[PDB]
Protein chains: 6
Amino acid sequence: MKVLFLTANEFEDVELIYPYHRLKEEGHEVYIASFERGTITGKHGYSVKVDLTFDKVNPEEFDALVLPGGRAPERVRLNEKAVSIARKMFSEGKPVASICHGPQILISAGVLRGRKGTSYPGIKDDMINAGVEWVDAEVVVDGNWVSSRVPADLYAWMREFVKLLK
Amino acid sequence: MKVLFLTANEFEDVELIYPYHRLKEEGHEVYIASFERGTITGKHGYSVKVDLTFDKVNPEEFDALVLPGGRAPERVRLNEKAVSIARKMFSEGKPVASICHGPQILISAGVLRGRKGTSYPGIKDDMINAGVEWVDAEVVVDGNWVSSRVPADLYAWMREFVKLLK
Amino acid sequence: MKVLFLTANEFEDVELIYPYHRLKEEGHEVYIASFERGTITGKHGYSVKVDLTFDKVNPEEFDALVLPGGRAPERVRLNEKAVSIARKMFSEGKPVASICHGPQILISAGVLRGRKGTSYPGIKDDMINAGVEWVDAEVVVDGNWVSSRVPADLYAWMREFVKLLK
Amino acid sequence: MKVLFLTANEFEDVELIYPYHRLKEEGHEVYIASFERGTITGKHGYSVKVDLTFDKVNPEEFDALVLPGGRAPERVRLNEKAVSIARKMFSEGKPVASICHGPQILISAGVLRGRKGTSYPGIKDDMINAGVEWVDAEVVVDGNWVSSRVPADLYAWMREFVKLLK
Amino acid sequence: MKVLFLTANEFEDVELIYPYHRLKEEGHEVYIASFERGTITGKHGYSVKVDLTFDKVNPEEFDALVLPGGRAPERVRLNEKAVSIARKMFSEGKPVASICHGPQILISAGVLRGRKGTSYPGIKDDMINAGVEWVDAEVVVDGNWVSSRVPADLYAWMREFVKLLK
Amino acid sequence: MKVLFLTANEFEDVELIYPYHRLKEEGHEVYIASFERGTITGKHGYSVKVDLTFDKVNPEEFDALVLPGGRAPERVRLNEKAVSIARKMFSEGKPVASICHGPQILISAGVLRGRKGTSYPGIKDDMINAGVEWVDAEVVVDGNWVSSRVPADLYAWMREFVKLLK
Ligand SMILES: O=C(CO)CO
Ligand SMILES: O=C(CO)CO
Ligand SMILES: [Tb+3]
Ligand SMILES: [Tb+3]
């Protein structure tokens, strides 16, 4: 499986780095997409290499999608190409993992009405207004959509996501 | 006029400090309300004294409301008392000024359906999903609601808000 | 009115941003002059665009002058052209607003002998030794010179300065 | 399984957080031991709660040990109780995972002579002088000792360590 | 010889630490005085222990005085007791070393008229207005007063100061 | 005398700056060697200019060597040219001063077996395993090798090193 990550500067560091390594453990290939090639830096100063730009992503080449949190999703969700990648992959039923502010990208994609999941609690009202049945749980599994709230939830978030890719 | 500010740690510094001083220039009394007494610190490190807690606010004692941005609104909007203050003041037609992420508190108050305004562009989709006709302008005036987007808009934001309080 | 600001890196952020927006509210044009074009960054990390260099300033083209504080005045006061701009504008009786360390530029211009005003209290002795009757007040108005001490004084500083430009 | 972590302030954040969550995914209980109760803060600013002090650790109550890196191991290795915990657990054949500077604690425990493993390359010479057959690989498995070098190795480090605990 | 240092938070780190150690090399005793007991922290984050408060200093018990720079002198120079210590020691002809902003304390003491020395160039005009014959040199020796400008001057600053204490 | 420093980014600031100025006081020439020309930055943010790269160093052109601490030695000790400079200078009996983590470079050079000295206590075990008779003292003098532990030892470290160069 080829797993795509849509992120940008000010990503929540462990929310990117944890699934990156957890999915590599399984033998999956992992790719970081952002605005430009080079590096991006997390809220806490970890730097990661960008593999490809949003413009170069062909969603048909990727099997699954991860949406880390932090302040990066509010930047990503204004990029039509990044939102279109998330819209396509999610609506096609490919596995999509989101955490914390990550699902702001899915809100903007317009794909969450009637879906069941969670997010950082600070944006619960925005998830509800997008039509989500919002649950206060460490992980929620709604078909292809695996969602979690905060870094304390990482263990449960990927415990469930790895099952979808098997 | 007695002007109330609803804010918390990680407020956008100039979005609090600018209206605070601008309204004092007019002779209005300005009050900072937050979770606890003591001080709160902005994203950029400016410290301000808290005048009263959300619990101690009686909305009937205040004439107008200011909602600065930053990351503070995502904290404030989870406090039922703070959201109730905003709901009451806004729904009674008292002047309410919001900037950047500030109107996340108004989203949570459930008062924006059918209203027109603006915000930080990163949350435009959340404003639209709350029932706002979102306008990309430095300031929008919709009856009692004066809204702006970013720090570059400060001059226009308070130019319009000062007029409502006269 | 065309209002010139003389500043540099490590300016006290709100002491630049507050008068910048306050004077734009009135419809005045505001210009940031510094060592080079591009941007400058405040003590607290706010970035502002430089409109023109000190070398390109013709003082006859500007109606008023603002001198924010921070650590920037100790840099500005070593630039002969910046000091000459301040000397010319102040000595011609044009409105000049200073706050905090801002009047270090006026000290270096040699224009304060026999004048009355204020500054950041830490440099009161230097103001006295330059020939200033130093007053511990939130704002002092001495003809064309409007002076204040610290960020807490912003409201009173521009309340008085706006009156000189009308 | 009950997994003990020996660490301190200035731990490499992801080297603690990654195995903590990865092992919780398996249903293992995870315990952070340090100098004092309260919190410890990583090099990159993540804070974690300390479960127990080194003085309160009874090594017989834990099944496995994790030694994250950063600057914390040079502090931990001067605490004779922490070193004695590592010596006891490692010499009894319990699973021990180390990464980056983590095995400095094992050097001080005097248990690495004739063993095979890796570390941050900057301390390879110190591992060699302690009697280690040093290997430049993302993960090395030498009986109970699973060792890795840097954060890029996380995926492989816990892939192998999880196998020892099953 | 007993050497006193008058300083406070935001001292220029190397301007305190360098003379501290250089004078200990000679066998002199070194004492840090500040507003309160406990620790003070430099601009660059080095922490030093305060030996005594300004209020507890009896200038007759000390043989020489060092005035480091940074932002600390603008705080120290508003403390009547600290200024009185500097006034007494300097006017009695005891060796006094200053660097960078350090001599702002001597300006406030009122002891520099007709004296010859240097400082951080940003405050040269303030030194001149206090009656100093200001010299742009790495070190100036004017009887008991040894003055330097910036951290690059440290070697020459103490080369000359150690000669006065011999 | 021409004194070479082998260092890199994340050097302990005062451990480089202190001997640099102390040795310049004597009239010695001081040279900073690192990976590349330009500047290097300490743990605490002080920046220093690099005079030459490790590749350009001819050890026969330098009379003495200084090895500051911080995290820089773990980078320097993986550069075989830097290690070969230290090996050559130390084994030829030229004066070598080390402090804190500085002697990690000497460990890697393979020159400490049977020698007597000190270091940061956190790496004492690594010094012992390299064949050092490790002493817990502020300064140790073993022929050409002058060693100290921490920044508190600076005064004694250079007191002894200066004697070797005279
Ligand atoms: O129509 C708006 C909601 O009222 C969104 O554009
Ligand atoms: O008299 C002033 C100078 O004119 C100082 O107080
Ligand atoms: Tb051997
Ligand atoms: Tb041996």
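For C:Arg159, state whether it is under 23 Å from C:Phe35 (Cβ atoms), facing another protein chain (nearest Cβ under 10 Å), away from ligand 2 (no atom under 16 Å from the Cβ) and not hydrophobic (A, V, I, L, M, F, W, C). No; evaluated as a whole, the condition is false for this residue.
Please indicate, with yes or no, whether at least one residue in region B:77-86 is touching a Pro at 6+ places or on another chain (Cβ under 8 Å), over 23 Å from A:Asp136 (Cα atoms) and within 16 Å of ligand 1 (Cβ to nearest atom). No, because not a single residue in region B:77-86 is touching a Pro at 6+ places or on another chain (Cβ under 8 Å), over 23 Å from A:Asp136 (Cα atoms) and within 16 Å of ligand 1 (Cβ to nearest atom). Of all the listed residues (B:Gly93, B:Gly38, B:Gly45, B:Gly110), the sole one being within 16 Å of ligand 1 (Cβ to nearest atom) and among the small types (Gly, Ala, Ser) is B:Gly110. Of the residues C:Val139, C:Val111, the single one that is crowded, with 21+ Cβ neighbours inside 10 Å and more than 16 Å from ligand 2 (Cβ to nearest atom) is C:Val139.
Residues in region A:127-166 that are in a helix (DSSP H, G or I) and within 20 Å of D:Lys24 (Cβ to Cβ): 15 in all. Each residue in region B:96-125 was checked for being without any contact (Cβ under 8 Å) to a residue 12 or more places away in the chain and within 12 Å of the chain's Cα centre (by Cα), and 0 pass.
Residues that are within 15 Å of the chain's Cα centre (by Cα) and of a type outside the set (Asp, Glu) are absent from region A:46-53 altogether.
Looking at this structure, is A:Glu133 surrounded by fewer than 20 Cβ atoms within 10 Å (Cβ to Cβ), of a type in the set (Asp, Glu) and under 26 Å from D:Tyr155 (Cα atoms)?
no
Evaluating B:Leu78 against the criteria (1) of a type in the set (A, V, I, L, M); (2) within 13 Å of chain A (Cβ to nearest Cβ); (3) under 14 Å from the mean Cα position of the chain (by Cα) leaves one unmet condition, (3).
Only one residue in B:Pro151, B:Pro121 is more than 13 Å from ligand 1 (Cβ to nearest atom) and touching a helix residue (DSSP H, G or I) at 6+ places or on another chain (Cβ under 8 Å). Which one? When all the criteria are applied, what remains is B:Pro151.
May I ask you to say which residue of F:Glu12, F:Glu74, F:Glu29 is under 30 Å from E:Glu12 (Cβ atoms) and surrounded by fewer than 17 Cβ atoms within 10 Å (Cβ to Cβ)? So that I can check it myself, show each step before the final result.
Details: F:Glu12 fails: surrounded by fewer than 17 Cβ atoms within 10 Å (Cβ to Cβ); F:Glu74 fails: surrounded by fewer than 17 Cβ atoms within 10 Å (Cβ to Cβ).
Of F:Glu12, F:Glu74, F:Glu29, the one residue that is under 30 Å from E:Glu12 (Cβ atoms) and surrounded by fewer than 17 Cβ atoms within 10 Å (Cβ to Cβ) is F:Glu29.
The set of residues from region A:83-119 being among the aliphatic types (A, V, I, L, M), in a helix (DSSP H, G or I) and either within 14 Å of another protein chain (Cβ to nearest Cβ) or in contact with an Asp or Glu (Cβ under 6 Å, 6 or more places away or on another chain) (or both) comprises A:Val83, A:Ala86, A:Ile105, A:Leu106, A:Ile107, A:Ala109. Could you say whether any residue in region B:48-57 is out of contact with any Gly (no Cβ under 6 Å at 6 or more places or on another chain), closer than 20 Å to B:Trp157 by Cα and more than 16 Å from ligand 2 (Cβ to nearest atom)? The answer is no, given that none of the residues of region B:48-57 is out of contact with any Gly (no Cβ under 6 Å at 6 or more places or on another chain), closer than 20 Å to B:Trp157 by Cα and more than 16 Å from ligand 2 (Cβ to nearest atom).
Checked against (1) small (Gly, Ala, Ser); (2) within 16 Å of ligand 2 (Cβ to nearest atom); (3) within 14 Å of chain E (Cβ to nearest Cβ), C:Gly122 passes all but a single condition, namely (2).
Among the criteria (1) within 14 Å of ligand 1 (Cβ to nearest atom); (2) facing chain A (nearest Cβ under 9 Å), the one B:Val132 does not fulfil is (2).
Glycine gets a Cβ as well: all are built from the backbone with ideal geometry, and neighbour counts include every protein chain shown. Every read-out reported here was derived from the displayed coordinates using simple, explicitly stated rules and does not represent laboratory data.
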